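Q: Pasting an experimental structure with its sequence.
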Protein chains: 2
Amino acid sequence: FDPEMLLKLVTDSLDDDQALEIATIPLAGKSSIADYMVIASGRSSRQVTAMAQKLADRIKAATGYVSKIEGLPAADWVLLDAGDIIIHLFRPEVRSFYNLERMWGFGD
Amino acid sequence: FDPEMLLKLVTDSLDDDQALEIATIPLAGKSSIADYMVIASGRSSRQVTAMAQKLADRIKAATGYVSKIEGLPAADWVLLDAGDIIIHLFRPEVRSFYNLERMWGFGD
């Protein structure tokens, strides 16, 4: 399964699930971690969760690849590691809030 | 604390701890998640762990920011979320192996 085909699956799925700000970062000549990183926002916890889970299910259906998901059920963010592509999903207002708390030195 | 200053701290720290393939991805005009993503490799579990922990300690010492670390103590990868910068660390031979297992459909 071609990494460009995987990229198309990822962005099509996120677009279908109404993600915003879907960014594609090509990593050729920069990093060996993956061919692409994709980053996108969701508007709620239900939405980020549905987004991530459907994407993992779709990748498995299309390719057989079992993606690693980091950050569920508490879904302020999700990372989905699909091997050739790593997908970052975030809730902008939750992230800005948590970043402030960490800037203030909370939590150690 | 300036995001360019934070970037310099991150890359200087990773360089000092002998990370390889240190990639800087500017996100201006692409994603709101952060100003930069940094990706780098380490050669062992001790090294990736030392790398990530020292970077978190250094960010806190220099800025007060308490970074969120994902993927320790089992350190095949680490993500360090420093707010304005997200840092991905990976062990190339471990990642290639785990990616194969997921490609083969292991683990659900």
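A: Arrived safely, thanks for sending. Numbering: from 1, shown residues only, chains lettered A, B, ... in the order given.

Q: Next, the nearest residue to residue A:30 once chain neighbours are set aside: secondary structure please.
A: Setting aside the residues directly before and after it, residue A:30 is nearest to residue B:23 in space (CB to CB, 6 or more residues apart in numbering or on different chains), at 4.4 Å. In short, each C-beta sits where N, CA and C put it, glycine included. Here residue B:23 is strand, with the state taken from DSSP: H, G, I helix; E, B strand; the rest coil.

Q: Could you do residue A:39 as well?
A: Reducing the assignment to helix, strand or coil with three-state DSSP, the entry for residue A:39 is strand.

Q: give me the beta-bridge partners of the residue nearest to residue A:30?
A: Each beta-bridge partner of residue B:23 is listed here, defined by DSSP bridges: residue B:39.

Q: Number of residues surrounding residue A:64?
A: Residue A:64: 12 surrounding residues under other CB atoms under 10 Å in any protein chain shown.

Q: can you check residue A:46 too?
A: Counted with other CB under 10 Å, the burial measure for residue A:46 works out to 10 neighbours.

Q: Which strands and helices lie in contact with the longest helix along chain A?
A: Assignment by DSSP state H gives helix A:45-63 as the longest helix of chain A. Secondary structure elements in contact with helix A:45-63, counted by 3 or more CB pairs under 8 Å, 6 or more residues apart in numbering or on different chains; DSSP states H and E, are helix A:3-16, strand A:68-70, strand A:77-81, strand A:85-90.

Q: Contacts only, for the closest residue to residue A:28 other than its chain neighbours.
A: Taking CB to CB, 6+ apart as the measure, residue A:28 lies nearest to residue A:35, with 6.9 Å between them; neighbours along the chain are not counted. Residue A:35 sits next to A:3, A:6, A:7, A:26, A:27, A:28, A:84, A:85 when contact means CB atoms under 8 Å, 6 or more residues apart in numbering or on different chains.

Q: And the buried ones among those residues, selectable in PyMOL?
A: Taking 16 or more other CB atoms under 10 Å in any protein chain shown as the burial criterion, the selection of buried members of the contacts of residue A:35 in PyMOL is written as:
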select buried, chain A and resi 3+6+7+27+84+85
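
Q: Taking the contacts of residue A:35 together, which two end up most distant?
A: Taking CB to CB as the measure, those span a maximum distance of 14.3 Å, between A:6 and A:28.

Q: which residues make contact with stretch A:42-51 from outside it?
A: With CB under 8 Å, 6+ apart as the criterion, stretch A:42-51 contacts A:13-14, A:17-20, A:40, A:72-73, A:75-78, A:89-91.

Q: Counting neighbours, which of those residues end up buried?
A: For these, a burial check counting by 16+ other CB under 10 Å picks out A:13, A:14, A:17, A:19, A:40, A:72, A:75, A:77, A:78, A:89, A:90, A:91.

Q: Quickly name whichever of these is closest to chain B.
A: residue A:90 (5.4 Å; CB to the nearest CB).
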